[PDB]
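To start, the structure under review is shown below, and the notes come after it.
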Amino acid sequence: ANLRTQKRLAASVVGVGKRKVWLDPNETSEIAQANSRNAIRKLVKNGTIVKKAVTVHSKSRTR
Amino acid sequence: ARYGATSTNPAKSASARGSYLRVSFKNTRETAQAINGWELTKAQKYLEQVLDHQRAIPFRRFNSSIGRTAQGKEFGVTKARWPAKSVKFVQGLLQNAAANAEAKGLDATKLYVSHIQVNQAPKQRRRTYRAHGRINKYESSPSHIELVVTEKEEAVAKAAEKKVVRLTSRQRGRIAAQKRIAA
Amino acid sequence: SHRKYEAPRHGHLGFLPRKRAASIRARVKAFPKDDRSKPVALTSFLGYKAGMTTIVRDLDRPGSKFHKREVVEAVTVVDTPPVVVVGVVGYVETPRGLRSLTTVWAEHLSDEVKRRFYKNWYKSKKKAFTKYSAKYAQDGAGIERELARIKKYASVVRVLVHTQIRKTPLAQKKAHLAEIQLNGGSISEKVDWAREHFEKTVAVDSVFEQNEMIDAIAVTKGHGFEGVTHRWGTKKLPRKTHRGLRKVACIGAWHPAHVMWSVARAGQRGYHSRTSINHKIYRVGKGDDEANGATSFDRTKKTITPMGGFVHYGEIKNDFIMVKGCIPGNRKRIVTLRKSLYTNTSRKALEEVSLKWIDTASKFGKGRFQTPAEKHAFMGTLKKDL
Amino acid sequence: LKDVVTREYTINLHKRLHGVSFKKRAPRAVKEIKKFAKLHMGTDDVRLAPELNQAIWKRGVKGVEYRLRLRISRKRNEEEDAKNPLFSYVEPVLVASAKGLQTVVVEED
RNA sequence: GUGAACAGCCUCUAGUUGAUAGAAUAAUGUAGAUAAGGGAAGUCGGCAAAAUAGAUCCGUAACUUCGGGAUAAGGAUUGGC
RNA sequence: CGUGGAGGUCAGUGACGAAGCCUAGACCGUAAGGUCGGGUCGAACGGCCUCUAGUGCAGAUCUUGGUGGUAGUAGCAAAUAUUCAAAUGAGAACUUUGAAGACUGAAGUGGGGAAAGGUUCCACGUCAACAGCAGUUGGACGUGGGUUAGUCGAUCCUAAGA
RNA sequence: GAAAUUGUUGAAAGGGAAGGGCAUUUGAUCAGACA
Ligand SMILES: [Mg+2]
Ligand SMILES: [Mg+2]
Ligand SMILES: [Mg+2]
Ligand SMILES: [Mg+2]
Ligand SMILES: [Mg+2]
Ligand SMILES: [Mg+2]
Ligand SMILES: [Mg+2]
Ligand SMILES: [Mg+2]
Ligand SMILES: [Mg+2]
Ligand SMILES: [Mg+2]
Ligand SMILES: [Mg+2]
Ligand SMILES: [Mg+2]
Ligand SMILES: [Mg+2]
Ligand SMILES: [Mg+2]
Ligand SMILES: [Mg+2]
Ligand SMILES: [Mg+2]
Ligand SMILES: [Mg+2]
Ligand SMILES: [Mg+2]
Ligand SMILES: [Mg+2]
Ligand SMILES: [Mg+2]
Ligand SMILES: [Mg+2]
Ligand SMILES: [Mg+2]
Ligand SMILES: [Mg+2]
Ligand SMILES: [Mg+2]
Ligand SMILES: [Mg+2]
Ligand SMILES: [Mg+2]
Ligand SMILES: [Mg+2]
Ligand SMILES: [Mg+2]
Ligand SMILES: [Mg+2]
Ligand SMILES: [Mg+2]
Ligand SMILES: [Mg+2]
Ligand SMILES: [Mg+2]
Ligand SMILES: [Mg+2]
Ligand SMILES: [Mg+2]
Ligand SMILES: [Mg+2]
Ligand SMILES: [Mg+2]
Ligand SMILES: [Mg+2]
Ligand SMILES: [Mg+2]
Ligand SMILES: [Mg+2]
Ligand SMILES: [Mg+2]
Ligand SMILES: [Mg+2]
Ligand SMILES: [Mg+2]
Ligand SMILES: [Mg+2]
Ligand SMILES: [Mg+2]
Ligand SMILES: [Mg+2]
Ligand SMILES: [Mg+2]
Ligand SMILES: [Mg+2]
Ligand SMILES: [Mg+2]
Ligand SMILES: [Mg+2]
Ligand SMILES: [Mg+2]
Ligand SMILES: [Mg+2]
Ligand SMILES: [Mg+2]
Ligand SMILES: [Mg+2]
Ligand SMILES: [Mg+2]
Ligand SMILES: [Mg+2]
Ligand SMILES: [Mg+2]
Ligand SMILES: [Mg+2]
Ligand SMILES: [Mg+2]
Ligand SMILES: [Mg+2]
Ligand SMILES: [Mg+2]
Ligand SMILES: [Mg+2]
Ligand SMILES: [Mg+2]
Ligand SMILES: [Mg+2]
Ligand SMILES: [Mg+2]
Ligand SMILES: [Mg+2]
Ligand SMILES: [Mg+2]
Ligand SMILES: [Mg+2]
Ligand SMILES: [Mg+2]
Ligand SMILES: [Mg+2]
Ligand SMILES: [Mg+2]
């Protein structure tokens, strides 16, 4: 398997860098089928691809 | 076919080869000689070990500035190595030879490796870049491997000439009297 | 052309070749000259280098600015449990040199020696000396004739002793066997002594005594493959020099067109056999003795084992030889201590020391305390303790 | 035979990593453990829980803790039959302090 | 963010984690450091290396085209709350 | 003495094996060389008299091609760094995914363009060569798909100049 | 389907090169001639 394309596509659809799309290992067969943006799209919204939160750079110690 | 010189009984033998193999010709030479003549089953167990770095292959010709290792005391040599890619090609052939003897109906228990010869396949040119804008050859030196397995067999019995004894008048005369005299 | 300036060479050619020794047990190449009037005894001993400490003592050198003053001096300690006698070997004179003609062995033989005759003790059937031992059976016949033969011929007698390595902190288990010449009177009395001592045991204090000058024979510590600068004490080359500087610049003139035996080259360093002479015995320690490290002037009961124990060695529970200064070999290595080959009058030898205080402070750091007693004394009570 | 056991050991990584080049410490730790595992279970097959992995790398390459308290579990191999029927699994145990525990056996159920 | 700062050093977003690999750590190296007492005696030559350094305040010679020389030289001070 | 070609001749040898090549087998010659046997081979070839010349190699730092010892040797060490597990696959240090440890630190290892390249873009398939280890991966290989303008550029203008 | 150069098998020799000349021992191999 090879979710290279689905990763990039995931990044683009969600509007976020590839360093933040998460493709869950348990639904790898389902994911690799997803060849289009429309199929990545419902994969995102049913929790198979999630958007992975930002890394915090808190201003607290600054303040 | 037409292998190199064999002396074995083809009726009792089986064989295999691989040509144009891309393995080191020098390395696999040494490992082929390492096994030459062996009980086929001892050979298999032996190359296996080699891959565990448990016993080694004694390097005997192609070997200057090789390292030394206690694993060659076995064979009286100090330089010995563990040439993986050679072993694995060579056991490939050995396993194929095995099959064919199964297929021929030879006894798998009497099987020793009776011919094992490697020589040099056509080379493979690739190039590399040297200082001041020069090129140099950078070659693969690949191998043909061929081996033959035979069922061992005991004895040989006798049978030969008879020695046509010729001895002159005074030479057959002594003998006549060597019994006319004695026993 | 000619050196331009003269300087002595670098290193001594009486120590070539500078290769690793044939064995960890350096060899006695020489025994003391035999005076057959004296009683029979050994002329060397076997021990293990334990380590070093400090000593304080009044010096007695009339003439010296330190006459009747204290000095502090360094000392080594070799762990020295009794050696055990297991065989006699009789040599004879031939125009080809000395040759052994028999070796008579004791009936029983400690495992520690039986150890030595092997490379794989555990797997082995341990048959070493099992037929030989049967020679005793019958009356005595066989061994008498041998003993007898030694007596008849034999220009020198040596004793086969071995060490009691199990009485020693080491892990080694496999003891050390060696020959020791016998210089008490008369070839015959010698073998009688040897025979009398089979399986029996010999003590240090019957070979060495206080203030004796003795020699140390041992294999020098090892350093493996060495550069020319540290191996020969050659000059460092200047910092500007291409392709490195711990070297020698000229390895030789153009003629002889050969590198010569006499120039420094890289190579092995250490693990050489050495024979040090003139090490004075400052103490002959007894193992069954507290107050080992105590003195006439100290008093305070304590052994010579430093707080926390000899670094890298262990404890010392057996007799020891305390020799002034240092010694070829390193901690844990077998050392042979030999009797002197000449009777030094020196003054320096002859001086009869008697220690005043023996350092016993820990050697694992900047030791501050001689004894736990002293440490509790000074420190007071701690969060562990009572 | 085989034996299938689980124990919980503590391993002194500190003296094992003593000397090791900073950029190699966490990776030695991984390997070192593996070795530690084989030495106790006899077993050439040694798998490390991705949590034990986290535990090891918890403080960057060169900041391995001095002592870890692992849980070594010798299990039987399944599928495609490897050379040996047995392997080991290593897990981080959830202890406050890896200091001062003796080596114990986890009872099996 | 620190700081005079588009400096250096750490971070967010994004992007990478590509550079044959394993085991050892001999000599000699390449690159990075330290060294008692002395302090250029080394050397063609102080080559290399070390020392100095920011800021605030005090203090500043010859000579000069009066513009400089000048951060001359030489000093003190500096965190946290 | 030997070679390529020519006139004559032996009504010469030959697919029942010409020529060539191999052979510490035989024989003739002082020698250049000649002759034969055996093996290999497959379509042509030789003796004698004469004619003829691009006619004989060990060398020329000779020409072209092929091959060695060197040698499994020098080496594959700049750019801080990797790790655990799963999945896949004949095969996984190197592919994919998840986890972790880091890096570039916006004067970027980010996001785009100009010149130049020209399909490298993208999908699917895929490992013989190629990516100085590997390879299931690729800017490689096979097969396809993809570049939409009244407003963006060109096109018009003029500059040095032609 | 030569040669350089290589693998294997068989035979032999090898105390700091090898190869060469005259001569013979020993091994291997062979022609001719007898009648
Ligand atoms: Mg072929
Ligand atoms: Mg060679
Ligand atoms: Mg060779
Ligand atoms: Mg080597
Ligand atoms: Mg080398
Ligand atoms: Mg060599
Ligand atoms: Mg050898
Ligand atoms: Mg290059
Ligand atoms: Mg160039
Ligand atoms: Mg007679
Ligand atoms: Mg002179
Ligand atoms: Mg030796
Ligand atoms: Mg005898
Ligand atoms: Mg050194
Ligand atoms: Mg010196
Ligand atoms: Mg010294
Ligand atoms: Mg020098
Ligand atoms: Mg230079
Ligand atoms: Mg260190
Ligand atoms: Mg990029
Ligand atoms: Mg590189
Ligand atoms: Mg200094
Ligand atoms: Mg000074
Ligand atoms: Mg000077
Ligand atoms: Mg001065
Ligand atoms: Mg000078
Ligand atoms: Mg000058
Ligand atoms: Mg000068
Ligand atoms: Mg400078
Ligand atoms: Mg300083
Ligand atoms: Mg001036
Ligand atoms: Mg000035
Ligand atoms: Mg203040
Ligand atoms: Mg002619
Ligand atoms: Mg002609
Ligand atoms: Mg012509
Ligand atoms: Mg020939
Ligand atoms: Mg003939
Ligand atoms: Mg023929
Ligand atoms: Mg023919
Ligand atoms: Mg034809
Ligand atoms: Mg003519
Ligand atoms: Mg010509
Ligand atoms: Mg010529
Ligand atoms: Mg030629
Ligand atoms: Mg030539
Ligand atoms: Mg010539
Ligand atoms: Mg030529
Ligand atoms: Mg190779
Ligand atoms: Mg190499
Ligand atoms: Mg390099
Ligand atoms: Mg390396
Ligand atoms: Mg790098
Ligand atoms: Mg990698
Ligand atoms: Mg950073
Ligand atoms: Mg910057
Ligand atoms: Mg890059
Ligand atoms: Mg672009
Ligand atoms: Mg291009
Ligand atoms: Mg692409
Ligand atoms: Mg391939
Ligand atoms: Mg490429
Ligand atoms: Mg490659
Ligand atoms: Mg490959
Ligand atoms: Mg394509
Ligand atoms: Mg296309
Ligand atoms: Mg417009
Ligand atoms: Mg237009
Ligand atoms: Mg052909
Ligand atoms: Mg001859």
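Protein chains in written order, with UniProt numbering: chain A, 2 to 64; chain B, 2 to 184; chain C, 2 to 387; chain D, 4 to 112.
Note that beta-carbon positions come from the ideal geometry of N, C-alpha and C, so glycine has one too.
By the neighbour-count definition (other C-beta atoms within 10 Å, threshold 16), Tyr12 of chain D is a buried residue. Here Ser59 of chain A is exposed: its Cβ has fewer than 16 other Cβ atoms, across all protein chains shown, within 10 Å. If you draw a 10 Å sphere on the C-beta of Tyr130 of chain B, you find fewer than 16 other C-beta atoms in it, and that means exposed. In chain order, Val57, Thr296, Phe298 and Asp299 place their CB closer than 7 Å to the CB of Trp358 of chain C, counting only its own chain and leaving out the 5 sequence neighbours on each side. Taking the C-beta atoms as reference points, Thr46 of chain D is found nearer than 8 Å to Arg77 of chain D. Contact between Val89 of chain C and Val158 of chain C holds, since their C-beta atoms are separated by about 6 Å, short of 8 Å.
When DSSP states are grouped into helix, strand and coil, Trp23 of chain A belongs to the strand group. The Cβ atoms of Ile282 of chain C and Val336 of chain C do not sit closer than 8 Å to each other. In terms of Cα proximity to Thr54 of chain C, the closest of C:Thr77, C:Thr382 and C:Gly64 is C:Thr77. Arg175 of chain B and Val149 of chain B have their C-alpha atoms roughly 56 Å apart.
For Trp233 of chain C, there is no enclosing beta strand (DSSP E); the residue is part of the alpha helix (DSSP H) that begins and ends at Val229 to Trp233.
In this structure, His116 of chain B and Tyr4 of chain B form a Cβ contact; the two beta carbons are roughly 7 Å apart against a cut-off of 8 Å.
The secondary-structure analysis by DSSP pairs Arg82 of chain B across a beta bridge with B:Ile58. Among the bridge pairs identified by DSSP, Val93 of chain C is matched with C:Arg100.
Assigned with DSSP and collapsed to three states, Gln121 of chain B falls in strand.
In terms of CA proximity to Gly223 of chain C, C:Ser24 leads the group C:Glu291, C:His13, C:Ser24 and C:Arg4. Residue pairing for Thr151 of chain B: DSSP places it in a beta bridge opposite B:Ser14 and B:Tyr113. For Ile36 of chain D, the three-state secondary structure derived from DSSP is helix.
At least one heavy atom of ligand 1 sits closer than 7 Å to the Cβ of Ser20 of chain B.
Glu291 of chain C is positioned such that its CB atom lies no closer than 8 Å to that of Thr301 of chain C. The Cβ neighbour count for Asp84 of chain D, taken over all protein chains shown within 10 Å, is under 16; the residue is labelled exposed. Cβ-Cβ distances below 6 Å link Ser87 of chain B to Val24, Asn28, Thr29 and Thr32 in the same chain, with the five nearest sequence neighbours on each side left out; the list follows chain order. Per DSSP, reduced to three states, the secondary structure at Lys138 of chain B is strand.
Between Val67 of chain D and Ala101 of chain D, the CB-CB gap reaches or exceeds 8 Å. Here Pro373 of chain C carries a helix assignment [DSSP, helix/strand/coil]. When only Cα atoms are considered, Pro59 of chain B and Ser142 of chain B end up about 20 Å apart. The Cβ atoms of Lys174 of chain C and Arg117 of chain C lie no closer than 8 Å to each other.
For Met53 of chain C, the beta-bridge partners assigned by DSSP are C:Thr77. Cβ contact annotation for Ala58 of chain D (same chain, cutoff 7 Å, sequence separation greater than five): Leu71 and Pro95, in chain order. With contacts defined by Cβ atoms closer than 8 Å, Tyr272 of chain C and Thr221 of chain C form a contacting pair.
Going by beta carbons, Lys37 of chain D and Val49 of chain D fall inside the 8 Å limit.
Here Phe209 of chain C is near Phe46 of chain C, since their CB atoms are less than 8 Å apart. For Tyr137 of chain C, no alpha helix (DSSP H) encloses it, and the DSSP letter there is neither H nor E.
In the same chain as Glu108 of chain C, and ignoring 5 residues on each side of it, the C-beta atoms closer than 6 Å to its own belong to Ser134 and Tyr137, in chain order. Excluding residues up to 5 positions away in sequence, nothing lies with its Cβ nearer than 7 Å to the Cβ of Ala184 of chain B in the same chain. About 6 Å separates the beta carbon of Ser207 of chain C from that of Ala42 of chain C, a gap short enough to meet the 8 Å contact definition.
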